[PDB]
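Take a look at this one chain, the form solved without (3R)-piperidine-3-carboxylic acid (ID7), written out in structure tokens.
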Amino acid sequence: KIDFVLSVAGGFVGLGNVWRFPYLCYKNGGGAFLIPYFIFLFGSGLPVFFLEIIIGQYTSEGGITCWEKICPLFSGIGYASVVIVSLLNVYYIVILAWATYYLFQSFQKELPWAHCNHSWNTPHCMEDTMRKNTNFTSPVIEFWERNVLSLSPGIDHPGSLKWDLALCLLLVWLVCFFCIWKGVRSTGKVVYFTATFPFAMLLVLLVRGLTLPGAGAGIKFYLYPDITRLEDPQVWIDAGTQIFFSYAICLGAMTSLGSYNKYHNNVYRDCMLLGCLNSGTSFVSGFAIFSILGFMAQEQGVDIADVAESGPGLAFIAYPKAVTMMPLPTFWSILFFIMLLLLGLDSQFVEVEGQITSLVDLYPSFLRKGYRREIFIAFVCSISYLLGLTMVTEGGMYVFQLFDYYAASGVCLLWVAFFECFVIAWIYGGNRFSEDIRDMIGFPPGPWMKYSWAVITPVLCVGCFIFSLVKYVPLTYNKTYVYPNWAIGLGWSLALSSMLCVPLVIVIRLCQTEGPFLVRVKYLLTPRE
């Protein structure tokens, strides 16, 4: 039991919880975001997670091959999942690059973000303590913006390529390449440290957050709803899609994981444990983040909603401020960023390995015919690194925000989840799926899962998509920068690169099948033996 939970401890916490969830919560007014977060949690998240794991166990193959045994017509779902993973692996590693840059900067007598007396610092800076002793700027925020990021005025101004950040990305990608090539993973005595270190560090960060002299206001802003925020589609899509992204569902990684697990395990209980603790850790780390933000508000004399960036940089603004106020700040900064690097590296290894396995299974005749697999891994790492160079430039933050919003999140996950649940519930048949689950684990899904798949998840996904289309608002970096039309088109292109996979595969298989149209459709709807 303990060993199984420890093996879980590798995968039930990640950057999606520590980093992504807090900034999405902060961006969408805090407490207002929780309502659709929990609604989508119990409506779709756990059932779709269980459904994908069941698919993976039932087929015992990759996320693309299983749909052949389920519904050949909708085989494009696996292709959409693999392209989603491919896009995610490009921009997810930039977080580790920023973490590596912060870790290297932490090897100093004094943390650079503690005070603003350097060459990169604006003359409007004022210390947080003395800011309340105009348009002053906190040293941490502008350290993030100017030193680590060197933020460009817009996406239309890429600027120069930051050599230090490029080297950080190269280091992280080299680590990933060597780990994947040599199959390096936490399996010995080191798994205990690898799993326990994030929660020890998070517990320390949370305890520091709550004990601040202004944590109460931050917690109140974190938990108190604002029902006028639920009238805008953005809080619904962000909260619903965060559930899918955190669980790594709709990516096809879970389908492959289901084929690489020990047998005779109670699948239903394991899925609920994974989901419940994955959501719990996000909700728990929200207290730490928002308590830090509340103390920052009390110190700087500004509103809680304006203290820090409303974007991916929230984790790189709040946490350094927290570690700045602990005894021997350098030690805790080093520990925090090593923790972040390990926590993101394990997930990156998992996703890269899954992508490699999915791609080689598509062409085993050449890719898997011999030692060419290592060359393929090197090719994938190299192409991903070159693609990630675009988000290292001075204007790379806008590209990162666009990628995070569209390429591996947003409407695409809703599309994939809706097609998965619709196919299984209606085309394949909910009764047949329940019969399969009975044969596999011994008991049927129950009314909750069956009705979720049949009604709740499709209704939620379609409602969110239609609500977004009807009440469309453009994406904005932070809350003041408006993206140009071409940038929005590029983001929609990134999303459509995954969404279009299903119709393209459908029409291709319809054209590549003999017989009349009805005969073609019948032959492709009937599951294979």
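We call the rigid core the largest set of C-alpha positions that still match within 1.5 Å between the two forms. Numbering starts at 1 and follows the sequence shown.
A second form of this protein, the form solved in complex with (3R)-piperidine-3-carboxylic acid (ID7), is not displayed here; the remarks below concern that form.
Asks: Is (3R)-piperidine-3-carboxylic acid (ID7) in the entry with it bound close enough to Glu145, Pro153 and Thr476 that every residue in that trio has a heavy atom within 4.5 angstroms of it?
Replies: Result no, not one residue of the spot touches (3R)-piperidine-3-carboxylic acid (ID7).
Asks: Only one of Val323, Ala195, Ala248, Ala99 comes within 4.5 Å of (3R)-piperidine-3-carboxylic acid (ID7) in the entry with it bound by heavy atoms, so just point that one out.
Replies: Of the candidates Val323, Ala195, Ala248, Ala99, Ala248 is the one lying within 4.5 Å of (3R)-piperidine-3-carboxylic acid (ID7) in the entry with it bound.
Asks: Of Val140, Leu149, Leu340, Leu88, which one comes within 4.5 Å of (3R)-piperidine-3-carboxylic acid (ID7) in the entry with it bound, counting heavy atoms only?
Replies: Spelling it out, the residue with a heavy atom inside the cut-off is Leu88.
Asks: With a 4.5 Å heavy atom cut-off, would you call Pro22 a contact of (3R)-piperidine-3-carboxylic acid (ID7) in the entry with it bound?
Replies: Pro22: no contact with (3R)-piperidine-3-carboxylic acid (ID7) in the entry with it bound.
Asks: Considering only heavy atoms, tell me if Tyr92 and (3R)-piperidine-3-carboxylic acid (ID7) come within 4.5 Å of each other in the entry with it bound.
Replies: Yes, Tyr92 is a contact residue.
Asks: Going by a heavy atom distance of 4.5 Å, is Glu351 a contact of (3R)-piperidine-3-carboxylic acid (ID7) in the entry with it bound?
Replies: Judged by the heavy-atom cut-off of 4.5 Å, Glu351 is in contact with (3R)-piperidine-3-carboxylic acid (ID7) in the entry with it bound.
Asks: Just checking whether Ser347 would be counted as a contact of (3R)-piperidine-3-carboxylic acid (ID7) in the entry with it bound - the rule being heavy atoms within 4.5 angstroms.
Replies: Output for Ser347 is yes: heavy atoms within 4.5 Å of (3R)-piperidine-3-carboxylic acid (ID7).
Asks: For the stretch 5 to 25, return the residues whose heavy atoms include at least one within 4.5 Å of (3R)-piperidine-3-carboxylic acid (ID7) in the entry with it bound, in the order they occur.
Replies: Residues within 4.5 Å: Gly11, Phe12, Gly14, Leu15, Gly16, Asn17.
Asks: Identify which of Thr211, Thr196, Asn261, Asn266 has its C-alpha displaced by 2 Å or more between this form and the one not shown once the rigid core is superposed.
Replies: The answer here is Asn261.
Asks: Spell out whether the Cα of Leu524 moves at least 2 Å between this form and the one not shown when the two forms are superposed on their rigid core.
Replies: Comparing forms between this form and the one not shown, the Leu524 CA shifts below 2 Å.
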